[PDB]
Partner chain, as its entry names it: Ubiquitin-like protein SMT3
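Next comes just one chain, in structure tokens: the form deposited without the partner chain.
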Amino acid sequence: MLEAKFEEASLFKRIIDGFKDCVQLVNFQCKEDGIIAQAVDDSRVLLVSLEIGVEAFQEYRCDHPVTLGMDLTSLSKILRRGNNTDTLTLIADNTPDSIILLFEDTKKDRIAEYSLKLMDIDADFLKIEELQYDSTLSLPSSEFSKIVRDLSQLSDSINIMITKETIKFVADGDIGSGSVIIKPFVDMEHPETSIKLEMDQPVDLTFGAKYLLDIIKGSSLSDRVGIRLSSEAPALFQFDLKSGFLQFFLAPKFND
């Protein structure tokens, strides 16, 4: 068997709301020591990679590595319920027909069991995180979100530029221009709101607004987002889970 018991179905919900809109299928790969899943954009521009470690469950037992390939549309129909507080248990059996999702009452008098028919997806995980990034930058996830949302009103393209202590996001559309400029600093009143920056070489990449919007769906998984930028590789945006992470590797445009 396999028994992933999340304390809060909520968490698993939110994690799927990352992938939810970006992509369309997903191979979960449950190992003896947690789950990994990886979805890729249609146009192959965005990669969503997820790890949940054993610590994130209240119980977790996985005897043999199963791959569960799911339809995201389907899975979010089963999710996203009024019961975001029931103990969701993912349940599956060796050589898996379908994955079972099991939601239980506090008082154990409402047990909504679901059986999601599975999808044979050929497993081809990509390892694309780099050793060294040109610049790495972290800031509250919501700030990133208002930024992305606020600049994406202009064009379909958003330009991040990093220089000595200046993070600068720029958009240019037919309406007119827009630039949001953040500076690194530290704050006591909330530590989880300051802005760290490491600039190993300045950066100037352009990303598509569409995708950046998708990528900020994850601001609800973590108070903070880690952004690693490179000219030689796809940018990595990371939100940290209590025992794992949601990663978006976004590929810059060339000249669109």
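Positions refer to the first chain, counted from 1.
**Student:** Mind pulling up the entry and telling me whether 5-13 or 244-252 has the higher mean Cα temperature factor?
**Tutor:** Mean CA B-factor is higher for 5-13.
**Student:** Quick one: higher average CA temperature factor, 226-234 or 188-196?
**Tutor:** Comparing averages over the C-alpha atoms only gives 188-196.
**Student:** Which of these has the highest Cα B-factor in the record: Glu143, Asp122, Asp134, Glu130?
**Tutor:** Result of the comparison over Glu143, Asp122, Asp134, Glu130: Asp122.
**Student:** Where does the C-alpha B-factor of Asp204 rank in its chain, lowest, middle or highest third?
**Tutor:** For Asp204, whose C-alpha B-factor we compare with every modelled residue in the chain, the answer is the middle third.
**Student:** Can you tell me which third, lowest, middle or highest, the CA B-factor of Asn84 falls into for its chain?
**Tutor:** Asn84: CA B-factor falls in the highest third of its chain.
**Student:** Is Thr73 in the lowest, middle or highest third of its chain when residues are ranked by C-alpha B-factor?
**Tutor:** Its C-alpha B-factor, which the entry lists for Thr73, ranks in the middle third among residues of this chain.
**Student:** Classify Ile167 as lowest, middle or highest third according to the C-alpha B-factor given in the PDB entry, relative to its own chain.
**Tutor:** Within its chain, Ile167 is a middle-third residue by C-alpha B-factor, going by the deposited values.
**Student:** For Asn27, does the deposited CA B-factor place it in the lowest, middle or highest third of the chain?
**Tutor:** CA B-factor rank for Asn27: lowest third.
Below, we refer to the form solved in complex with the partner chain, which is not included among the displayed structures.
**Student:** Contact with the partner chain in the bound PDB entry for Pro65, defined as at least one heavy atom pair within 4.5 Å: yes or no?
**Tutor:** Taking the distances in the bound PDB entry, the answer for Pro65 is no, it never comes within 4.5 Å of the partner chain.
**Student:** For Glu198, is any heavy atom within 4.5 Å of the partner chain in the bound PDB entry, or not?
**Tutor:** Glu198: contacts the partner chain in the bound PDB entry.
**Student:** Is there any non-hydrogen atom of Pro184 lying within 4.5 Å of the partner chain in the bound PDB entry?
**Tutor:** Contact check for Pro184: yes, within 4.5 Å of the partner chain in the bound PDB entry.
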